[PDB]
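Each of two forms of one protein chain follows alone as structure tokens, named structure 1 and structure 2.
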Structure 1
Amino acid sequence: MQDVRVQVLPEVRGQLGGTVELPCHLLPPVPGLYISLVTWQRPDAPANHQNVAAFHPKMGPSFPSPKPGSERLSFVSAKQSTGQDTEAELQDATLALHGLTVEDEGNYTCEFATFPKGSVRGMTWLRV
């Protein structure tokens, strides 16, 4: 079973008041690897305020910080299961920020909690 790694861009440039995407993908495809969770964190934030977005395969997204907050964040492509007919897909963890503010600038870390490989991460600087 191959190791997995988090593919990101090192820097993304956004426009104030606009939307920007932070690509994040778990590579390569590894049959049998289970993605238990994905999170986005601001690693330079106070330690108890690092998590800004999370995604669970069965329960979907959460946004455990008021800023940027649910209203200004979306998982662009991640899918949760909503019934017997639908399966989760967390491999593309790309995050969008909406209504960009100056306080949104900085480092963002995309982390996949996987089994059996454990947790792996990649970091992007959002420049606004």
Structure 2
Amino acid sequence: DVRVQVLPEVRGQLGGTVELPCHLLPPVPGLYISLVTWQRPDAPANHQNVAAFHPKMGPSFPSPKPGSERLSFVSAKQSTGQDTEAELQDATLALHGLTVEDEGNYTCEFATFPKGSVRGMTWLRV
């Protein structure tokens, strides 16, 4: 019923900025996104989780390897009060100051309640 829309490959230029699109594409009533996680599966274990977004608490970048200085969520919104709900369906990542280290596979994964783990995979080249 839901799928992750990613680009198969993203091409970037050294020192430049790129975006990695990721959308949980079919907006489905009653489907809740409890977390978004970006991973680099090819990395060592302690560097595999590179970005996360929580509905209430916003982003984390627990691996240093891209790290918080060069990585960001373009559109994900945390909830701002009891009135307004989080918006995690657009998990697109921006990566700045591209280096050769950033090349590889990236997986974007939504932890959704009824449906479970839903993921898509992109390869980034520099």
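Throughout, rigid core stands for the largest set of C-alpha atoms superposing within 1.5 Å between the two forms. Numbering for residues begins at 1 and runs along the sequence of structure 1. Residues that one form lacks are left out of the comparison.
In the overlay on the core between structures 1 and 2, a shift of 2 Å or more in CA position is seen for a single residue of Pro29, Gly83, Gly32, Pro66, which is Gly83.
In the core-superposed comparison between structures 1 and 2, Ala47 has its Cα shifted by at least 2 Å. Taking the core as reference, the C-alpha deviation of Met123 between structures 1 and 2 is 0.4 Å. When the two forms are fitted on their rigid core, the residues between structures 1 and 2 that move as runs of three or more, each C-alpha shifted by 2 Å or more, fall in 47-49, 82-87.
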